[PDB]
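Going down the list, the sequences are from chains A, B, B' and A'. A prime marks a further copy of an entry chain. Under PDB author numbering, read the first sequence as residues 2 to 181, 186 to 192, 198 to 389, first letter to last. Just so you know, we're using PDB author numbering here: the second sequence kicks off at 2 and counts up by one. Just so you know, we're using PDB author numbering here: the third sequence kicks off at 2 and counts up by one. Under PDB author numbering, read the fourth sequence as residues 2 to 181, 186 to 192, 198 to 389, first letter to last. The beta carbon of each residue, even a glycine, is placed where N, CA and C say it ideally should be. In what follows, a structure is listed as structure tokens, so that the remarks can point back to it.
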Amino acid sequence: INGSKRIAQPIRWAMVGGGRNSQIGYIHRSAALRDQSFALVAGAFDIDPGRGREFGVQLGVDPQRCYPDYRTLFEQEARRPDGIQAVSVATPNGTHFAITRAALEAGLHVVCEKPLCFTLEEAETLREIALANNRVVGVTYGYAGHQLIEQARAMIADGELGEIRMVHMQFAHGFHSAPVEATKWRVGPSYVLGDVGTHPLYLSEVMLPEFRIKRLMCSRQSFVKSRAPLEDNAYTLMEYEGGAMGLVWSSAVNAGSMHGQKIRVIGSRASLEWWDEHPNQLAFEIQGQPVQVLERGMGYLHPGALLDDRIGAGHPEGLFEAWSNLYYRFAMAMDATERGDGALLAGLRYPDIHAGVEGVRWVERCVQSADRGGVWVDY
Amino acid sequence: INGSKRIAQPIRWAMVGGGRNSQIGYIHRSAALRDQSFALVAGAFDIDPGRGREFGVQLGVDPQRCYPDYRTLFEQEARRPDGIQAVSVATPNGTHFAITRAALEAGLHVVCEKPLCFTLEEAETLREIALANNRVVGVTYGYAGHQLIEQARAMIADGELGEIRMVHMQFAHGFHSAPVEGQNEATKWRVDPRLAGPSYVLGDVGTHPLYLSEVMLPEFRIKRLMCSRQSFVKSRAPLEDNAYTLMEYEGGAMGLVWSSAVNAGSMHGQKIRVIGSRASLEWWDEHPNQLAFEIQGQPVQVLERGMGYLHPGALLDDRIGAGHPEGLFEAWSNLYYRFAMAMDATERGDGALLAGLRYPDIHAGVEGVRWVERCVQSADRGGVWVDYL
Amino acid sequence: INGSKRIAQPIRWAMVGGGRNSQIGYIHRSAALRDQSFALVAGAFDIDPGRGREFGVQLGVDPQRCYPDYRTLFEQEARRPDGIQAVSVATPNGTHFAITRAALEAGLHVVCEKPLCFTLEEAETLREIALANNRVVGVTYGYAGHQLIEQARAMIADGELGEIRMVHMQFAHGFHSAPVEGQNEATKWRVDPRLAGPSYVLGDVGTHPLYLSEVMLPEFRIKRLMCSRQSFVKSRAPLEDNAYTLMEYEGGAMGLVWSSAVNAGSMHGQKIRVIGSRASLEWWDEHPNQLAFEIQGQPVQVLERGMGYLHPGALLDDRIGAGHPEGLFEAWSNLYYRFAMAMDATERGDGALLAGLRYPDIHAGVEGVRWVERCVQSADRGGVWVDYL
Amino acid sequence: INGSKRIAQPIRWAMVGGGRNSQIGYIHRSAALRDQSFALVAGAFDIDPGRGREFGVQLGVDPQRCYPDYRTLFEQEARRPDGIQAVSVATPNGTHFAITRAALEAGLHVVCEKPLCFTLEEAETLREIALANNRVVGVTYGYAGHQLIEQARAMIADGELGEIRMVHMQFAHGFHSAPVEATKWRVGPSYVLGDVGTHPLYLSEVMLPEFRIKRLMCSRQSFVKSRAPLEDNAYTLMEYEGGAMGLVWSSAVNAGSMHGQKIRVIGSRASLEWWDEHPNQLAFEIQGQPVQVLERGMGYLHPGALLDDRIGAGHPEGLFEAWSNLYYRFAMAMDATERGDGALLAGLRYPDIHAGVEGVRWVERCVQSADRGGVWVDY
Ligand SMILES: NC(=O)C1=CN([C@@H]2O[C@H](COP(=O)(O)OP(=O)(O)OC[C@H]3O[C@@H](n4cnc5c(N)ncnc54)[C@H](O)[C@@H]3O)[C@@H](O)[C@H]2O)C=CC1
Ligand SMILES: NC(=O)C1=CN([C@@H]2O[C@H](COP(=O)(O)OP(=O)(O)OC[C@H]3O[C@@H](n4cnc5c(N)ncnc54)[C@H](O)[C@@H]3O)[C@@H](O)[C@H]2O)C=CC1
Ligand SMILES: NC(=O)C1=CN([C@@H]2O[C@H](COP(=O)(O)OP(=O)(O)OC[C@H]3O[C@@H](n4cnc5c(N)ncnc54)[C@H](O)[C@@H]3O)[C@@H](O)[C@H]2O)C=CC1
Ligand SMILES: NC(=O)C1=CN([C@@H]2O[C@H](COP(=O)(O)OP(=O)(O)OC[C@H]3O[C@@H](n4cnc5c(N)ncnc54)[C@H](O)[C@@H]3O)[C@@H](O)[C@H]2O)C=CC1
Ligand SMILES: O[C@H]1[C@H](O)[C@@H](O)[C@H](O)[C@@H](O)[C@H]1O
Ligand SMILES: O[C@H]1[C@H](O)[C@@H](O)[C@H](O)[C@@H](O)[C@H]1O
């Protein structure tokens, strides 16, 4: 990657949410504006119209296209020949469904934050409106943009681990060990299952695209009792079709842990393990051989895992590179749709409406199991 | 520790098992003989009397005290004024019960290998006989000898982690990812119910970090558990080479044990993480001289063996200054000197010394058997919650 | 940082070099374009005008502002009312002096790639011209943009390490262990004196952690140094692919720099350890979000980017909450926004803002050239002590 | 290793030093008594006769063979048919020469602590007395007993690193960062050069037996000024015959460092790196390939590196195992000498009189260079 243009002109783009004091607003813009993928021309940046406009102007947005709310954004932009083509939804979880639905009905492509929405019926309603209106829905499972996730997928498909036996996933941080705005709204049918567990779950779907969950059980806890019934800790044990096992540990009360997102795929011959805090390395551990570390950008990687390198091996890339790798694919997908290039659109892989639906499905089944005291449920 | 004797004379000692080709025989002797705790004066070292006697002679044992079997060992030693006072049992799991019972009935102290036996009923029988005969029974949960386990126990009791919320345990190695039992006698018996018992990895490796949790959290009581177990090498069924045990403690803390012999690429992977409201501790058997201590909101720390900031109890067993790596042989030596002090204290009827000593004993052995039995009951019922007691 | 503009309008910007196949061209643009600091409106991107123009068009540059060479770029842009205000120079080392001088004489601000130039005389000439023309000169010591470098500087100034005794620096990678310059244009020019200068690894990688030491210890002055340099790939002689620089600071602290491109197996290996009477700090470029902080007698600590326990100056540039990994692109973005603020402040004659800004500037570039020149003088005399000034 | 006897009966053994409060006394006994190599039958354990005897009795020694001093030990033991055959010298550095010389003249085999002695003339005097009296002198370069040091030697000899270019050694701990009995005497022509620098120097001699130092320079400092002229920090840069370079960083003022003994051997093709605090792993880093970690006890190791395994791979061995590996070789060497088995004696490798001499030579040359302001000197 050298900043060459992927599409003829940047997608005309807005955000809803991601305002001045938001945790995630900035990485959406840093990734979307990079390499001429998107141009930020409008937004409803803040729950408060006045702060949305002040912030919007500082981002270089036309003051008149800093709108009080998503409805006004979609209505007013529809009247302009240079109106937005796509919107990123970076609001709290409870508004994802309504905003995404409104954007799709207005004929806009959408990038929606995870978890996509609360219920599986909402998720499949967004999917059917997206399909009817021929719109791209991206979902910011940002960690999936790291090159070594593709390396892992390519190695598993090539049989380098032998027969897959176990998938061990965690996203277990300590930032909510204590009863500490962003946290207030998080504390919806779930907290950490949707907030963090869905991340390495989606990494498992990228690495093992043919794996199907047969049944699962989930035991969830509110260690900070005032969060009940929202869980700040959960254990999900899964049986895949064919007899492989999966385990997801979701947590916001793993005291001392800075992030702790890890995925270990264990085969008959070898394991791989990836850790989000050191995203440029992939452990590759053949039983009976010295353990190995695979590095981003090295010539021994599969060709697919080298495509998105922005600097030579040994220079650390980070999560902004991963997000940039998703956003250029989002832009290529939206552009392909506008030009009616069904061929390009068919060859692209990115976290899409189907990834969003599967994350919502998984949370729903975990909550069903957990509310019943951690019993097996059919997936 | 400077090699000073702990008891007036070494305990007169034998082994059953632990012969020439055994995996674990050597660490028993290396730990028992150290610092004048035990003297190896007899044994039945091998399933084959001939190989047992040839090996016994190489260990410096009198050829006439290399016996063909444990029955002969106990009978012939009873007829000597310098007869053994204690025996270590390092045979496959299926013989632990019979040998330990025979040794207790012959009036001997015992160090029995884990797992103690197959059934909770066997375990309670050995406990009754050990009590009736006033004998010490040690169990070689060897990892519990590492000083930083005592550091973790002292910190938790002192409230340094806040309120305990989770205990995450694994012992997940990759050595049996392939069907190596075809080629490897030690693996072979582990995958035969007649020889290994109701389980493979739950008893073989899961009980290790479980016992570390009992040392760190002595007042925790498991309320209920569930266990899902797999035979990834299908020929091992019904014995599991992988298992997940999820536990609810009284008080609402959660425990998780991952037991595995098919974690391909893992050299050992025994880890325990204790998670509290304020902080976490994490210990890893392959780097036993360090303890991760992670206070939420503060820089992570590593606590090092032998440093002046440790609790006094965690410094007692240091054999060399901080920074020099101790290993699993030091951990086993720390259990065996305690075994010797317990056995000597019993012979001298020193109830006071006996009360101050902490070592893996008959009760630790019984709890390990109880845990495996409950896991197997849950797993055989499709991994459903079962009452622990 | 939330993408808020730092200056009223983006600086009108070009590059010389950094074309389609370049190693470093992209990170310049990724950092400069971010957060509305610079706008890329022209360039001479390639040694080959045709490849420069085709690439320029893919970058969204007007085909008529893709110029064949730097002279044409400066001349033609001067004839436009929307002419460039600043240029980044990403060419091989041998052209830095001529291009930077030409840009300064054309009244342009400059971001010049390290090393600034070949000789200390060239460096002092660029400094004089930059001062006469009131122009900012940034130097892309990019690793200095990492927040935890500012954390280390703040801790040292606060006396958290005690009295500083040693500074241990390396940048020792293995990419040129084999003679890959046969095959690789970027390696090829680095091993030719005409193109690369008086040194290879001293200037190419040694100057990076050296500049980190100047950021962390701004009041340290090198008194004298010695340098032993080797050409392990003999065809590179007289340019070194390995070097040891030992330095005595005024005050009696010692510094060590290991510069290498033949550290086989090393992916980058840029590290700085600052050792004081009370504690040490250690930073490693491949894991830039952590800082080891090791107080003697206490548990080692790791300081994490974005945590509330950091000094306020080390939190200013956080673009995402603690635990999410930033990378070298964030470090470069942190230097480029400062470059833009410095250039804008100069144009508005805002002496006050200019005094508060810290970034690698003409003086950092001169000191890097001085250090290489002294090392080469020592090495050519068989690695003897030489006076630094 | 399964505790099988290497020699027909244990060597009759004494210590001088290594008493109740000594730092190193215990590991000598733990290693020497193991696997029936040595039997502790006498000693002069303490500078104070009374404390030597009290401690001696607690170690199981005949009270009458706990002697006030080394002269009395050697004289009285010579009168007994069951008299000592060998002595380990664990006293402060200044007494090594006199005690070792006396032991050799009394016809005893000796294990002497490093550094062997102060001067090269003393070292070559011990060598000539040892040779004249046909005695074994072992030197407790204990780290050399770790199996993966042999693995490194075997890999280098087999050309696995390509042509050797650089040897980077450190022993840099922080325990004397502050002006803190054992430390008092350490603070002799040197402190950290002899106390710690000689350790990884000897590892380089085991790994690269054919390497010869051509010239070196050493810059040494007294950061705790009251130690002057003894150095608590030193840098030694070395040129080997053939143009490889070596670097030794010796330190007791590396604040926060728990031990920091490391050796990295860098070849044209690959590097190896060993760290004493994690002695069961060896980094093996082929340029252009994933980095690897070699583990103690694994089947992929050279046969020589498996001989001393006392437990299966994955169980951590420590420095007591390394010392035990030196002491059984010391015992086999002494026994071979007594039986006049010149054949066995010739096949054994252990840190011996020659290792002791080379450590003393290296310290002398470093001190010569450092006293002259860190100038190159011929080796
Ligand atoms: N993909 C990932 O890695 C991450 C995703 N997220 C997701 O991003 C979303 C936002 O999370 P945070 O940034 O942490 O929340 P936040 O609470 O930090 O910020 C929310 C922002 O949305 C604005 N806002 C709220 N309601 C609005 C409305 N109706 N219209 C317009 N603006 C509105 C607020 O003014 C604020 O600027 C959530 O869905 C969360 O799950 C958050 C962090 C990481
Ligand atoms: N505490 C720990 O960390 C470990 C415990 N163990 C336990 O130690 C025991 C032995 O395990 P391994 O050494 O791996 O087995 P192994 O198969 O390697 O050795 C068994 C030994 O006992 C001998 N033996 C078998 N039956 C005998 C009998 N009836 N009488 C006398 N000798 C007999 C065999 O000849 C052999 O010497 C098992 O209970 C196992 O669970 C094993 C490894 C580690
Ligand atoms: N700050 C840092 O971390 C790094 C700095 N650098 C520095 O950046 C500079 C470039 O290095 P690389 O990108 O590795 O070199 P490279 O060989 O990869 O690329 C050189 C580029 O400049 C172009 N070029 C050459 N001469 C030119 C001229 N007269 N006019 C216009 N374009 C010209 C070439 O066509 C090519 O696009 C060097 O000074 C190097 O020291 C390089 C890598 C990292
Ligand atoms: N090989 C290795 O890894 C190590 C070697 N050493 C070396 O071991 C030797 C001793 O070091 P530490 O144990 O640290 O010293 P220390 O000061 O801790 O103990 C010295 C012991 O020798 C006794 N002693 C002193 N003079 C004596 C004499 N004339 N006769 C009999 N006993 C005497 C003292 O009573 C004391 O027991 C030194 O040469 C040191 O360099 C020390 C630590 C590690
Ligand atoms: O490999 C394991 C390990 O040695 C355990 O410590 C032991 O309990 C098991 O029996 C053995 O199979
Ligand atoms: O590989 C290195 C690295 O990118 C350094 O950051 C740079 O200064 C050098 O020029 C380059 O060769």
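Do we get a CB-CB distance below 8 Å when we pair B':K189 with the residues of chain A?
no
Closer than 8 Å, CB to CB, is A':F233 near chain B' or not?
yes
Excluding the five sequence neighbours on either side, which residues of its own chain have a C-beta within less than 6 Å of the C-beta of B':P50, listed in chain order?
So the qualifying residues of the chain are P69.
Closer than 7 Å, Cβ to Cβ, to anything on chain B: give me those residues from the region 190-207 of chain B', in chain order.
none
Going by DSSP, what residue range makes up the alpha helix (DSSP H) through B':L329?
329-348
So if I threshold CB-CB distances at 9 Å, which residues from the region 34-60 of chain B' count as touching chain B?
none
Cα separation between B':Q86 and B':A238?
41 Å
Could you give the first and the last residue of the continuous beta strand (DSSP E) run that contains B':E151?
Not the beta strand (DSSP E): B':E151 falls in the alpha helix (DSSP H), residues 148-158.
According to DSSP, is B':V192 part of a helix, a strand, or is it coil?
coil
Using a threshold of 8 Å, state whether the C-beta atoms of B:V263 and B:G183 are closer than that.
Not closer than 8 Å, so no.
To be precise: take each residue of the region 158-171 of chain A', compare its Cβ to all Cβ atoms of chain B', and keep it if any distance is under 9 Å. Which residues remain?
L162, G163, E164, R166, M167, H169
So, helix, strand or coil for B':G204, using DSSP?
Of the three classes helix, strand and coil, the one that applies to B':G204 here is helix, per DSSP.
For A:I2 and B':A15, I'd like the C-alpha separation in whole angstroms.
Each residue's alpha carbon lies about 19 Å from the other.
List the residues that DSSP assigns as beta-bridge partners of A:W372.
Answer by DSSP bridge pairing: none, since A:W372 is not bridged.
Please compile the residues from chain B whose C-beta is within a distance smaller than 8 Å of the C-beta of B':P289.
What B':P289 touches in chain B: nothing, since even the nearest Cβ is about 16 Å away.
Taking the alpha carbon of A:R371 as the point to measure from, which residue in A:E305, A:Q299, A:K224, A:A315 has its own alpha carbon closest?
A:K224
If you measure from the beta carbon of B':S31 to each beta carbon in chain A, is any gap under 8 Å?
yes
Closest Cβ-Cβ distance between B:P93 and chain B': below 8 Å?
Contact of B:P93 with chain B' is not assigned, every C-beta pair being separated by 8 Å or more.
In the structure shown, what three-state DSSP assignment does B':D388 receive?
strand
To which residues of the same chain is B:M167 closer than 7 Å at the C-beta, ignoring the five residues directly before and after it?
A254, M255, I276
Whether B:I28 touches A':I321 by CB criterion (8 Å)
yes
Spatial neighbours of B':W190 within its chain, please: C-beta separation below 7 Å, excluding the five flanking residues on both sides.
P93, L196, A197
Would you say B:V303 reaches chain B', if we count a Cβ-Cβ gap shorter than 8 Å as a contact?
At a cut-off of 8 Å, the C-beta of B:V303 has a neighbouring C-beta in chain B'.
At the level of alpha carbons, what is the spacing between B':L358 and A:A40?
Their backbone Cα atoms lie some 30 Å apart in a straight line.
When DSSP builds the beta bridges, which residues end up paired with A:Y245?
Beta-bridge partners of A:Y245 (DSSP): A:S229, A:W259.
Amino acids of chain B, ordered along the chain, whose beta-carbon sits closer than 9 Å to that of A':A323:
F176, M268, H269
Whose Cβ in chain A' lies nearer than 8 Å to the Cβ of B:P326?
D286, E287, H288, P289, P326, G328, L329
Does DSSP classify B:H169 as helix, strand or coil?
strand
Could you tell me which uninterrupted beta strand (DSSP E) segments, each at least 3 residues in length, are contained entirely in the region 37-121 of chain A, listed from first to last along the chain?
39-45, 87-91, 110-113
Strictly by DSSP, which residues pair up with A':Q271?
A':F172
Reference A:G108, options A:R80, A:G95, A:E122, closest by Cα:
A:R80
So what's B:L127 in DSSP terms, helix, strand or just coil?
Annotated three-state conformation of B:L127 is helix, per DSSP.
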